[PDB]
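Chemist:
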Amino acid sequence: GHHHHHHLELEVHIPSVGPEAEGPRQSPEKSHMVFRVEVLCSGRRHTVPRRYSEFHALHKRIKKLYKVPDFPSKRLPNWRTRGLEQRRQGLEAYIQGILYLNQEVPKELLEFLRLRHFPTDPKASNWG
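Residue -5 is where the sequence shown starts when you use the working numbering, and the numbers rise one by one after that.
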């Protein structure tokens, strides 16, 4: 498309993390818990619930591909010691990092969940 991006509204945040993830095949983690990210770029926000493994693999694949910071751990604590803000912030830092670094929201994830023009949820905001 061709439009002048005068509105560079950028908000990348992970508003919610809950236990409701899809249980995958034999994976390193098989986390049944999911973090629901929301990347807002150019005015469009897309709220996407992602299991840790997905970002784990995403980040590991592209770290070899493009500018990408520290990666997620394949061994995680049971999360009883801390709160989910730790998990939330860890991925949010990495995902927003690459987004700020070069390719913005990974086009590979775009291709992965078909995140183009991807919907959002009303319950992903505070007073908004």
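Built from N, CA and C at the ideal position, the CB exists for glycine as well.
1) For residue 5, does the three-state DSSP call read helix, strand or coil?
2) Just grab the DSSP bridge partners of residue 12 for me.
3) Tell me which residues share the same chain as residue 96 and place their Cβ nearer than 8 Å to its Cβ, disregarding the 5 neighbours each side in the sequence.
4) On the three-pair Cβ rule with 8 Å, is the stretch 68 to 83 touching the stretch 33 to 43?
5) Just verifying my parser: in three-state terms, what is the DSSP assignment at residue 138?
6) Just to confirm the assignment, what range does the alpha helix (DSSP H) spanning residue 83 have?
7) Using the three-state DSSP reduction, which class does residue 39 fall into: helix, strand or coil?
8) Need the endpoints of the alpha helix (DSSP H) that residue 60 sits in, please.
9) Can you give me the C-alpha to C-alpha distance between residue 28 and residue 15, rounded to a whole angstrom?
10) Is the CB-CB distance between residue 18 and residue 47 below 8 Å?
11) Restricting to Cα atoms, I'd like to know which of 44, 43, 67, 71 is closest to residue 54.
Modeler: In terms of the structure at hand:
1) Here the question's residue 5 lines up with position 11 in the sequence shown. Collapsing the DSSP output to three states places residue 5 in a strand.
2) Taking the first residue of the sequence shown as 1, we reach residue 12 at position 18. Its beta-bridge partners are 28.
3) On the sequence shown, residue 96 is found 102 positions in, with the first residue counted as 1. The residues are 60, 61.
4) Result no; under three Cβ-Cβ pairs closer than 8 Å.
5) The requested residue 138 does not occur in the structure, where the chain is confined to residues -5 to 122.
6) The count along the sequence shown starts at 1 and reaches residue 83 at position 89. For residue 83, the enclosing alpha helix (DSSP H) stretches over residues 79 to 95.
7) Taking the sequence shown and counting its residues from 1, the one referred to as residue 39 is at position 45. Strand.
8) Reading the sequence shown from its first residue, position 66 is the one you call residue 60. From DSSP, residue 60 is part of no alpha helix (DSSP H); its letter is neither H nor E.
9) As a first step, residue 28 must be located in the sequence shown, where it is residue number 34. As a first step, residue 15 must be located in the sequence shown, where it is residue number 21. The alpha-carbon atoms of residue 28 and residue 15 are separated by roughly 5 Å.
10) Mapped onto the sequence shown, residue 18 falls at position 24. Mapped onto the sequence shown, residue 47 falls at position 53. Yes, Cβ-Cβ distance for residue 18 and residue 47 is below 8 Å.
11) To locate residue 54, count along the sequence shown from 1; it is residue 60. Comparing Cα-Cα distances from residue 54 to each of 44, 43, 67, 71, the minimum goes to 67.
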